[PDB]
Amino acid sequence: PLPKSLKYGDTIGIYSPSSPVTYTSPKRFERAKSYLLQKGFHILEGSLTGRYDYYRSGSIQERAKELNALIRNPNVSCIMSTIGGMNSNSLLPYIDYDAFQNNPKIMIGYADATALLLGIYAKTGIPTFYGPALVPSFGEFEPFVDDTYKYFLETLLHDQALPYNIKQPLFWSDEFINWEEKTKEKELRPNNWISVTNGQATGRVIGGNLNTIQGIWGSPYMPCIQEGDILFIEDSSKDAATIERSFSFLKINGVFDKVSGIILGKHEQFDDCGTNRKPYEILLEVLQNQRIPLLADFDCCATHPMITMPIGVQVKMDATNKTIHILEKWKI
């Protein structure tokens, strides 16, 4: 069971499972919609679009209803979060997994939406996509939005012969500017994926936003991590203390006794608490010299631009030579 590839003229349904961004950042929201409309995709606005309930878009029931309406709509080919926040996991008991399994669609987003991407995969076995959310990703100004868009097409729309090589972008940024309105150009940071621990691994890739995983761990909505899986994790806009807790959470759960390799995303606006340590160095301390191939600063996180990564399919990573290939089909 796999979702159909996106096509020009398709409808993308958008929903707000957590923060009410369509109310609080209307300019970036409108820009994001226009960007995709111009590319050739229709936008179906979920029922909580424009609504405000302070830290969230609406009640648990209303958010589940918003998403379920899109799941059940045969005219929708792709379901995309508007943004994350903290509260997507509240929806999980109430989602119509059977409707999704009977008519698979592309489910895409990142950050807090991890709860839903992993929950849908766990319940249905259908691959989901760690990738753009409407407002942060497609509301981005030039130049980075165009790079994110190229990666979006590469994974969801283009015919891709396997293995599918995921290529490193030339430049990136995590600069905290140009949210609603553009005031200057973001700096172009020359890119590098980091060969932290050499080696190669092949296996099913599982993961997403690590902070968010801790809100679903142990539940029926968290796919079981199996011996030989590849772990993909990122955090964004946290600090050294928080990520040490999260890395140790994985360690004490035996995750590093099972996975064959680790892909670690860049950490947007990382606060190192004065230590001058990088996120991978904190992970290395937690690993205590266990030799697991580890490739870091992967561009699939809150930094721009963003790759669209299938979750739940076989991948091969090479931490030595800094490559990632998708080995198993993820769409029709």
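We number the residues from 1 along the sequence you see.
Q: Per the entry, where is the mean C-alpha temperature factor higher: 48-56 or 285-293?
A: Higher mean C-alpha B-factor: 285-293.
Q: Mean CA temperature factor from the deposited coordinates, higher in 309-317 or in 11-19?
A: The entry gives the higher C-alpha B-factor average to 309-317.
Q: If I read the C-alpha B-factors straight from the PDB entry, which of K184, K238, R72, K150 is highest?
A: Spelled out: the listed residue with the top C-alpha B-factor is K184.
Q: Which has the highest CA B-factor per the PDB entry: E140, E154, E244, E227?
A: Of the options given, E227 has the highest CA B-factor in the PDB entry.
Q: Taking the C-alpha B-factors as the PDB entry records them, is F144 in the lowest, middle or highest third of its chain?
A: According to the entry, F144 has a C-alpha B-factor in the chain's middle third.
Q: Tell me, lowest, middle or highest third: where does the Cα B factor of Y94 rank within its chain?
A: Lowest third of the chain for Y94's C-alpha B-factor.
Q: Using only modelled residues of the chain, where does the Cα B factor of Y164 rank: lowest third, middle third or highest third?
A: For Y164, whose C-alpha B-factor we compare with every modelled residue in the chain, the answer is the highest third.
Q: Compare the C-alpha B factor of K278 with those of the other modelled residues in its chain, then answer lowest, middle or highest third.
A: It belongs to the highest third of the chain when residues are ordered by C-alpha B-factor.
Q: What third of the chain, by the recorded C-alpha B-factor, contains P190?
A: Its C-alpha B-factor belongs to the highest third of this chain's values.
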